[PDB]
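**Student:** coordinates only, sequence not included:
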RNA sequence: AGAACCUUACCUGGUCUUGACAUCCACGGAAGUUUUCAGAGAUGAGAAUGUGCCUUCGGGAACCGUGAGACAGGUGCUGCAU
RNA sequence: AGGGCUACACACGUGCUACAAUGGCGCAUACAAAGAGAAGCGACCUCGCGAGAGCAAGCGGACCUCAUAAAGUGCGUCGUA
């Protein structure tokens, strides 16, 4: 049975830490002592901690701390470092490296009702967008104008999430 | 007629009844209002008294009746002649 | 059903609209319905108050009502007590922020609708219809109407055979589009049946 | 550029609105494009006017929706914001659109 | 129209409002050529199970004032007769008698 | 200015009776949300959630439930009462 | 819920399509106006003989879509059945 553990890396080199960790596993061939390795890296939460399915021998502990650009485990003590949970890393798994935003046929920025318009007349302005015309690349952001809530057809690039 | 992709139509309840009858091996007539129901291969042999608006008229199902619907064998209007 | 409606034929020229808003095909029907509701409510409420014309005007998701009434005092009641009360109910009816204005009708004898209403009331309280009609006509004339016509119809004096009678005074040109013809109607729900009252009041011709 | 689509049933009212908008634009900013009249929508309706029956008896109504296209070429900081204050005549649906 | 009819209409509308998401989904499933036969069958049966008044093709457009089924207009939500009256009164904005 | 269902007012059966639609109290329950078997369906029986605006606590306004009646309802007749 | 208003010896009213060559069919090709459109109009492209289907932009619209106007014109054919 392999339980989960938290590894701290130099924040920003996290995907390279994950790749080097998989490679150190397949070098020192303790293949039966490692299950998975979650190391996200957006163009990113959590952009600083690497989740490792593992068991605890002192050999595997020295292995993970001999992986380069790794500070150490995070637990109660450094003798016997602490597991956490499977659900904690579970959330990260879903969006580990899945196509998040970016490559989209319409929405370039989360609509909801929080955006700012700058590529137009609305100099340093923000408003709430109820409906949106992504198909025809149009937004109905209701910016506080004329003492009310009148919307204005804005451009996706013109506005900013 | 109905689209081939949609399949044949039979009322669910009617179908269930038919199934029950089959299970039993009984030949007592099943009174039914589903005139819109298509006849099925398993319904062959059964008497099924189809409503014509007014009364249930007994229809002994045959090999030839399969593709047809139950309402086809239960005429509603009752015209004898003008003289 | 010979005659064209005198208000309706003149909306483009000398008469204005009551409901005065723009809406796309989406929200138009709903708006109309709302207007109907609010107007109905107002009529129900301000029956005892002499009310001529409710003018609805909705800009920017907020309804502006304008009540034309002969006596504001009974519609307003105490210093913004009754008006305020009316407002919230109006808002509720609409589903938007409400604003009630109250226009004071100068010369209620020259306002046609008001006159009609009065006549109806008279009929209801069992006066001689003819005498009422005469009063209506005379009063308007006195007040400075270029002309007036009034017409009442059906079960007059509770008679079995219904008929219509009408009194004209001065000139009341209906074919002339530029004539300011204040037309309006009412209905007396008497013991013998309904008695419909029409009244045309010719203020004068507009030159433009 | 700010395109502005004025829509109304009364033409005079619309005209008034347009002028006002122009005025608002012109004091603050510079080079207002102009009040360009688009085609009017004459949405017609026929109805039977009898309560019961008489089909040749009819009234033909219409709603003339007028369009005014006002454009503003240079959106400054003062100009665009100004719109909020300057209140125009009622029953005139405006539709501003930057770019 | 009667009160009863109006009530019925209202009920139908309510039902439509309620069951739209499910019904639509079912329809989609039925349509989808890239799908299992059994699944399709189930969907078809499922639809049957749902109430009839849930369909939007059940509800008739009636006049919003009188409930008159015939002579209806969509823009106004009113039957011809009432529409005309409204027009005459000035109650429909922009609407006036047209000649050309 | 549009009857497959709906529309529909008509026929056949199956059903309801202060009622599908309103107002009023009394008092049982927050509304509603999801799902189960029988039934042609109407309807007739089950499992999960909630207690918001305020109380010298005899309780309330929205929204279901039951009984009493006051009433609702009628595209029923008279266009030769209007 | 199902049926009926869609019944059918018959009579009348109002229409459409015809009986043809001033035409029918085939191939090419020209010139409109006025409207509608968001639980909507739906290009292009792909598949289907076709009705359509799939994918899916542009568009609350002098912008995009419905949407190729047809009679016509030219060339061929049929030759009064």
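**Tutor:** Alright, I've got the coordinates. Numbers count the residues shown, from 1 in each chain, chains lettered A, B, ... in the order given.

**Student:** For the chain, which segments are assigned as helices?
**Tutor:** As the question left the chain open, I've gone with chain A. A:14-27, A:58-66, A:86-94 (DSSP state H).

**Student:** Switch to chain D, please.
**Tutor:** D:11-28, D:77-82.

**Student:** Determine which of the ones you listed approaches residue A:158 most closely.
**Tutor:** With Cβ to Cβ as the measure, helix D:77-82 is the member of these nearest residue A:158 (12.7 Å). Bear in mind the C-beta positions are built from the backbone N, C-alpha and C, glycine included.

**Student:** Now tell me what touches the closest one from outside.
**Tutor:** A:120, A:121, A:122, A:123, D:2, D:24, D:25, D:28, D:29, D:72, D:98 (Cβ atoms under 8 Å, 6 or more residues apart in numbering or on different chains).

**Student:** Please tell me how far the closest residue to chain E within chain B sits from residue E:55.
**Tutor:** Closest residue of chain B to chain E, Cβ to the nearest Cβ: residue B:12 (6.6 Å). According to Cβ to Cβ, to the nearest Å, residue B:12 and residue E:55 sit 18 Å apart.

**Student:** Could you do residue B:36 as well?
**Tutor:** Taking Cβ to Cβ, one finds residue B:36 at 17 Å from residue E:55.

**Student:** which of the two has more neighbours?
**Tutor:** Set residue B:36 next to residue E:55 and count neighbours by other Cβ atoms under 10 Å in any protein chain shown: residue E:55 wins out with 15 against 12.

**Student:** dump the residue contacts of the more buried one.
**Tutor:** E:16, E:23.

**Student:** swap in residue A:133?
**Tutor:** Counting by Cβ under 8 Å, 6+ apart, residue A:133 has contacts A:139, A:140, A:153.

**Student:** just to revisit the earlier point, looking at it, the residue of chain B closest to chain E is touching residue E:44, isn't it?
**Tutor:** No: using Cβ atoms under 8 Å, residue B:12 makes no contact with residue E:44, being 10.3 Å away.

**Student:** show me where chain E has helices.
**Tutor:** Going by DSSP H, chain E shows helices at E:3-18, E:20-31, E:37-49, E:80-89.

**Student:** In its sheet, which strands sit next to whichever strand in chain D runs longest, and in what direction?
**Tutor:** If you go by DSSP state E, chain D has its longest strand at strand D:58-72. Strand pairing for strand D:58-72, determined by DSSP bridges: strand D:2-8 (antiparallel), strand D:32-37 (antiparallel), strand D:41-48 (antiparallel), strand E:95-97 (antiparallel).

**Student:** got the contact list for the last one?
**Tutor:** Counting by Cβ under 8 Å, 6+ apart, strand E:95-97 makes contact with C:8, C:9, C:11, C:12, D:45, D:59, D:60, D:61, D:62, D:63, E:86, E:87, all of which sit outside it.

**Student:** The closest residue to chain E within chain A - nearest residue in space that isn't next to it in sequence?
**Tutor:** Proximity of chain A to chain E (Cβ to the nearest Cβ) peaks at residue A:131, 18.2 Å away. Take residue A:131 and drop its neighbours on the chain: the residue closest to it by Cβ to Cβ, 6 or more residues apart in numbering or on different chains is residue A:140, 4.6 Å away.

**Student:** Quick one: list the elements packing against the host helix or strand of residue C:141.
**Tutor:** Here residue C:141 sits within helix C:129-143, counting by DSSP states H and E. Judged by 3 or more Cβ pairs under 8 Å, 6 or more residues apart in numbering or on different chains; DSSP states H and E, the packing partners of helix C:129-143 are helix C:112-124, strand C:147-153, strand C:164-170, strand C:194-205.

**Student:** The ones you listed: which one's closest to residue E:38?
**Tutor:** strand C:194-205 (66.2 Å).

**Student:** what angle sits between the lengthiest helix in chain C and helix E:80-89?
**Tutor:** Taking DSSP H as the criterion, chain C has its longest helix at helix C:28-45. Helix C:28-45 and helix E:80-89 are oriented at 70 degrees to each other (axes from the mean of the first three to the mean of the last three Cα atoms, to 10 degrees).

**Student:** what about helix C:28-45 and RNA strand F, touching?
**Tutor:** No: figure legend: helix C:28-45 not in contact with RNA strand F (Cβ under 7 Å from any atom of the strand); closest approach 13.7 Å.

**Student:** So that helix, near chain D or not?
**Tutor:** No: counting by Cβ under 8 Å from any Cβ of the partner chain, chain D is not contacted by helix C:28-45; separation bottoms out at 9.0 Å.

**Student:** buried sites along that helix?
**Tutor:** By 16 or more other Cβ atoms under 10 Å in any protein chain shown, the buried positions in helix C:28-45 come out as C:28, C:29, C:31, C:32, C:34, C:35, C:36, C:37, C:38, C:39, C:41, C:42.

**Student:** swap in stretch B:50-62?
**Tutor:** So, applying 16+ other Cβ under 10 Å, buried residues of stretch B:50-62: B:50, B:51, B:52, B:56, B:59, B:61.

**Student:** and the longest helix of chain C, what other elements does it pack with?
**Tutor:** Counting by 3+ Cβ pairs under 8 Å, 6+ apart, helix C:28-45 packs on strand C:51-57, strand C:63-69, helix C:82-94.

**Student:** Tell me which of those lies nearest to residue A:2.
**Tutor:** Of all the helices and strands packed on helix C:28-45, helix C:82-94 comes closest under Cβ to Cβ, at 63.5 Å.

**Student:** Leaving out the residues flanking it, which one is nearest to the residue most central in space within chain E?
**Tutor:** In chain E, the residue lying closest to the centroid (Cα atoms, centre = their mean) is residue E:59, at 4.3 Å. Computed as Cβ to Cβ, 6+ apart, the closest residue to residue E:59 that is not its neighbour in sequence is residue E:12, at 4.4 Å.

**Student:** Would you confirm that that neighbour contacts residue E:57?
**Tutor:** No: using Cβ under 8 Å, residue E:12 is not in contact with residue E:57, being 10.4 Å away.

**Student:** Mind checking which of these two has more residues around it?
**Tutor:** Per other Cβ under 10 Å, whichever of residue E:12 and residue E:57 has more neighbours is residue E:12, with 19 against 7.

**Student:** The more buried one: what's it in contact with?
**Tutor:** Taking Cβ under 8 Å, 6+ apart, one finds E:53, E:58, E:59 in contact with residue E:12.

**Student:** Likewise for residue E:15?
**Tutor:** Residue E:15 touches E:51, E:53, E:54, counting by Cβ under 8 Å, 6+ apart.

**Student:** what do you get for residue C:138?
**Tutor:** Residue C:138 sits in contact with residue C:169, where contact means Cβ under 8 Å, 6+ apart.

**Student:** Please determine how far it is located from residue C:149.
**Tutor:** 13 Å.

**Student:** who touches both of the two?
**Tutor:** Shared contacts of residue C:138 and residue C:149, counting by Cβ under 8 Å, 6+ apart, come down to residue C:169.

**Student:** how near is the residue nearest to the spatial centre of chain B to chain A?
**Tutor:** In chain B, the residue lying closest to the centroid (Cα atoms, centre = their mean) is residue B:70, at 3.2 Å. Distance, residue B:70 to chain A, by Cβ to the nearest Cβ, to the nearest Å: 48 Å.

**Student:** Test my guess that that residue contacts residue B:59.
**Tutor:** Yes: if you go by Cβ under 8 Å, residue B:70 and residue B:59 touch, sitting 6.8 Å apart.

**Student:** How many neighbouring residues does residue B:80 have?
**Tutor:** Around residue B:80 there are 5 residues (other Cβ under 10 Å).
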